[PDB]
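Take a look at this single chain, the form solved without the named molecule, given in structure tokens.
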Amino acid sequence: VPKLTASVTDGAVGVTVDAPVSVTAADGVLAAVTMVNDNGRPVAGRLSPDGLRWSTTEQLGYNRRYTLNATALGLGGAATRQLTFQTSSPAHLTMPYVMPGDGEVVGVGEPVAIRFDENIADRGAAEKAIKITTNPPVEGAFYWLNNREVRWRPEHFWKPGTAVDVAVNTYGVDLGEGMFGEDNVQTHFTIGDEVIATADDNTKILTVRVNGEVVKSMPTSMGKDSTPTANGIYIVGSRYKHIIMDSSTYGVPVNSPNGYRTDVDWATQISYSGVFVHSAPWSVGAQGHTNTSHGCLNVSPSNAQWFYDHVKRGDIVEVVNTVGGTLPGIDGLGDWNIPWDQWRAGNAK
């Protein structure tokens, strides 16, 4: 009589819902397979045209018992079998969020970023659950910026024209301490032109190169000796036509001798610490000459609008020869400052 097998065992508990459930017949074919929960409600499934295999086709629930009934028929007669199992019971759930967004074109410095809404106790599990495909294929690695957010990138800047596909398959995965993913997420993005803007404190010029060729030179005024602009590699983030930077958000009042409420135009963010390339009509005389800022890359209004218009998320700004230190690797936009042996060795433990 037909031989029935299933991907789950009768009486199992803690069965993970990261995978469909399947049933196979040998020495015959499946006539029908049904899988029901404890209220009698069927799980969607599909029988192969040949009749040799069946699978669930929709996500299974947490904390559920399921009963699986299968009948097979062959040139030996029939067999009908039944099994029940119980799925994982999470202590807690987290939902991942992945950047950059689906369909976007980004620059050559843009990492994959997966942020969870809860602390991740088993970083290795989260990594293994995240599948990144690249075309052309390129080696990269995971590194945690904090307890919630993991980044992935290659050793070198991405090559333009690279397709990146990201499947965060965290549904049904135990991410440590009984914390399971609430649901999978996907995204797909493309790497565009190589755009690297270099600000050299010896020239006070910000030179924007596309694919190695100069397209723009901007006089700049970067951070005063006292509040210097850090050297290193910065990843371009968000852009704002207009933004208000306000002392008293931290707790220094506007009406204090270090207070300010500054209207700023054409502002392209390049570190979570607060470095922007923006419009600085008030320091155009100092641009190309003398550092005057709190550590933003001050350029002229129309140079700032050019940057806002022509630089995208993931492009790169490199600062060199200033009196600051180096941008932290875990700034949020400072990933490329971590040397490759360290980045690749990761910090999953």
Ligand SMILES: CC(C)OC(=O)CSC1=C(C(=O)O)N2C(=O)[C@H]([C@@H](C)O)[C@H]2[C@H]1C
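Between two forms, the rigid core is the largest collection of C-alphas that superpose within 1.5 Å. Sequential numbering from 1, following the sequence displayed.
Keep in mind the form deposited with the named molecule bound is missing from the figure; the text below concerns it.
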Quick check on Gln86: any heavy atom within 4.5 Å of the named molecule in the deposited complex?
no
Is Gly172 part of the interface with the named molecule in the deposited complex - any heavy atom within 4.5 Å?
no
Determine whether any heavy atom of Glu194 comes within 4.5 Å of a heavy atom of the named molecule in the deposited complex, and answer yes or no.
no
Using heavy atoms and a 4.5 Å limit, would one call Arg313 a contact residue for the named molecule in the deposited complex?
yes
Only one of 195-203, 134-142, 119-127, 230-238 sits within 4.5 Å of the named molecule in the deposited complex by heavy atom distance, namely 230-238
Answer key, the named molecule contact in the deposited complex at 4.5 Å (heavy atoms) among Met99, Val108, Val210, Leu73: the residue is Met99
Need the contact residues for 320-349: heavy atom within 4.5 Å of the named molecule in the deposited complex, sequence order, or none if there are none.
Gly332, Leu333
Residue showing a 2 Å-or-more C-alpha displacement between this form and the one not shown once the rigid core is overlaid, selected from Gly178, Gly259, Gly124, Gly274
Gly259
2 Å or more on the CA of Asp246 between this form and the one not shown, with the rigid core superposed, yes or no?
yes
